[PDB]
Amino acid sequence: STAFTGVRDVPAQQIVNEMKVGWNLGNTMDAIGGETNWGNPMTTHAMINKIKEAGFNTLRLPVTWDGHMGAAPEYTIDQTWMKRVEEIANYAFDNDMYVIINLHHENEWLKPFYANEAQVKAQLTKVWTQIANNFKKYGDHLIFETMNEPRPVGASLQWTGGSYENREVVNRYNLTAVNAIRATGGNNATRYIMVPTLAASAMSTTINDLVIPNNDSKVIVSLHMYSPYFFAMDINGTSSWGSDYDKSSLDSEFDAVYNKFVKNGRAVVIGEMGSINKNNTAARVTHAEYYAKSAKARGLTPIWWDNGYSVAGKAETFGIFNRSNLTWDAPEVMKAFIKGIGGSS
């Protein structure tokens, strides 16, 4: 097990390298209303075994805590919920994997505005204090991600960089979250931590305004890059990918991240990416393999968003693993992604 291997003092880039390539247990512990509320089966050790066998070395474990905690001032998190997150993490540690645990769909309380700041900070502190306390003994194969995609809600703002206000308050929240984690002491004082830009966007506005809490070298940047948008995400966007223009455009997105962070020693994880199923396997194969090798060439570790929904022709069909069958619903795509990542032997 990699659960309790202690905490190294290596540069975060080395950790990101070992993380290698990851898979999200999406629409699960992040589902509003509980683990099985969004149509996934209860998660098993056998499922995670398959994820490791495929070539993934990181399990991102997104968790929505809203709905599982009491009121101010303590915001006590339900103990069964906490221990269930821990149980699933150990499925992965048994496989010698890295695990990332975050706060996910917390928009009902985590609001990046000056007017909400004081109260949100208080809640963030209590929430992270409890999570960090529960996982204190775990070594550096456990990575905390302070928040998911903190942003102003409101349809017209969905793909924007928000306001200077929002970006400033997000930076303040990341600091509050990191300090709360570190204040519990032990391995939490030295473990690696991921922090997002506003909306975890890699756009210039948000990556240029990111401030690393305490300038901490143990901090890793968290970005979500479902690129290119129309191919990867839009049920009505093109089902083709692979032209010289496509490749160059994807390279350029990564180059922005390489130049801002990676080449200056600031490590970066793409904690979510992937494509939906437009019944276009050959295109998704070309895209997945190129995404993987292009991202890896910029020092980036990509993590596939798998929400357990893989039906051809429907929106949000990012699922590639069949959890009920323990087989791959999109074997070619998965294999291509892994193949693109390469390896050291």
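Heads up: residue numbers just count along the shown sequence, starting at 1.
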Which has the higher mean CA temperature factor in the PDB entry, 142-150 or 225-233?
-> 225-233
Quick one: say whether 154-162 or 96-104 has the higher mean Cα B-factor in the deposited entry.
-> 154-162
Determine which member of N40, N277, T64, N57 has the highest CA B-factor, using the values in the deposited entry.
-> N40
Out of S201, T76, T129, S240, highest CA B-factor residue = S240
Please rank the C-alpha B-factors of the chain's modelled residues and tell me whether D255 sits in the lowest, middle or highest third.
-> lowest
Chain thirds by Cα B factor, record data; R172 belongs to the lowest
Should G319 be placed in the lowest, middle or highest third of its chain by the C-alpha B factor in the entry?
-> middle
Ranked by Cα temperature factor within the chain, is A183 in the lowest third, the middle third or the highest third?
-> middle
Third assignment of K218 from its chain's C-alpha B-factors | middle
